[PDB]
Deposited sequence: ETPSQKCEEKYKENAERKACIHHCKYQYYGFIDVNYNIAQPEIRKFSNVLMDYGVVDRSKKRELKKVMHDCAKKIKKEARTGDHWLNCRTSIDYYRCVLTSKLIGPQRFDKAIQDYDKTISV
């Protein structure tokens, strides 16, 4: 029904659960890519839920940009492209930034998740 409900059911490759949710949220593409629209969706959701103030947009989108740039570069290093692991690695990198409040981030994603089918 709700993404997490549906992803957890699906994987019951457990790591893939994370990518699963993120594609439903629209934070990651269905081919594992992160591009402008993904970055738009992610940054917007964070702001609309107040996790980050809108006076920070350029710089929030900046970390997501450089994180994307960085995951791809590490993926090419290992001679492969984006995958379940890179989807997890993208969140990690994004959560290392001081802009985001971990508890606040988590609850936002949990709230935003409740607003989706299926």
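- Taken in order along the deposited sequence, the one stretch absent from the coordinates is 13 to 16.
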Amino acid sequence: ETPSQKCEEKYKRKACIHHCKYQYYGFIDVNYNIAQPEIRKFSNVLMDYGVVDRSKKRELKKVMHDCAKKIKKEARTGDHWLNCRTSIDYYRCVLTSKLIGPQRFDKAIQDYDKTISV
From here on, numbers count along this sequence of modelled residues.
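- Taking the mean C-alpha B-factor of each stretch as recorded, 55 to 63 and 33 to 41 are not equal, and the higher mean is that of 55 to 63.
- Taking the PDB entry as given, 73 to 81 carries the higher mean Cα B factor of the two stretches 88 to 96 and 73 to 81.
- In the PDB entry, a CA B factor belonging to the highest third of its chain's modelled residues is recorded for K107.
- Among all modelled residues in its chain, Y24 ranks in the lowest third by Cα B-factor.
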